[PDB]
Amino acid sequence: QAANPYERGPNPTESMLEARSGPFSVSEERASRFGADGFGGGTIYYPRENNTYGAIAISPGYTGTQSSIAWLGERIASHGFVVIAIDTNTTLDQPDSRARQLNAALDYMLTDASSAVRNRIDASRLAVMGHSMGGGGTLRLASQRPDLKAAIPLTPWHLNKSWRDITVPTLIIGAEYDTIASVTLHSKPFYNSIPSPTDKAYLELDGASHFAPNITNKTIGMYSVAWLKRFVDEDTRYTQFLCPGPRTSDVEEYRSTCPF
């Protein structure tokens, strides 16, 4: 019974979560393609403030690179996270290969990055996120690693529909007008398959394309950070944004196991 030891930054408001950056100024360190084993390298974003934070790996999708998710990895790092936006070994890698590479990237932050990075990581509080096939990779890694603290598949694609063994808090963000990873064949079937008691939520962005995750988006930003705050940091000051959650508005649909 004490102040949460993982709490970082001020008491949140909607406007703070919708803004382009959080309260921590951030610096970058390259994970070189010439120095990364098991994935294609990346950019680590980390808070300049010397404290420990949660560590998060983020995969792009098919034909995508670290630059299509960089805004999100930066935005999230600036709320007090060490985040790596990766490149994949090839841009054509499939979901389950991306799951292995999200796994290699966490190992990287933890063992291979510079002292400044490693010193800011609480190695026991990790999370993954992914766009489309990166999103399928996130589900797979979440399924193989019950020890992760959260998983956030964004407009996810995967041929396997059944994610029955996931026990890691998972927010699946869907895009209502996605023409590539339709919520009806991908996001909803994945979400529908995760059984109680796993915490989870499904948010479907109103009016949004498959590519909404590759452009600065306050709804993806606010809800991704609330989710990582609530589950990587156990930070209950963020539950108020997720429960009861968005009226369905910027949001086509919201389902959740609130209050978690």
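All residue numbers are counted from 1 along the displayed sequence.
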| item | value |
| --- | --- |
| Count class of coordinate-free deposited residues lying between the neighbours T248 and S249 | 1 to 3 |
| Mean temperature factor over C-alpha atoms, higher-scoring stretch between 109-117 and 150-158 | 109-117 |
| Per the entry, higher mean C-alpha B factor between 159-167 and 75-83 | 159-167 |
| From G40, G54, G221, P60, residue of greatest CA B-factor | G40 |
| Maximum C-alpha temperature factor, selected from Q101, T91, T138, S132 | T91 |
| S209 - Cα temperature factor, lowest/middle/highest third of chain | lowest |
| Chain thirds of CA B-factor: placement of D233 | middle |
| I194 - which third its CA temperature factor falls in, relative to the rest of the chain | middle |
| Third assignment of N4 from its chain's C-alpha B-factors | middle |
| B-factor third for the C-alpha atom of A226 within its chain | middle |
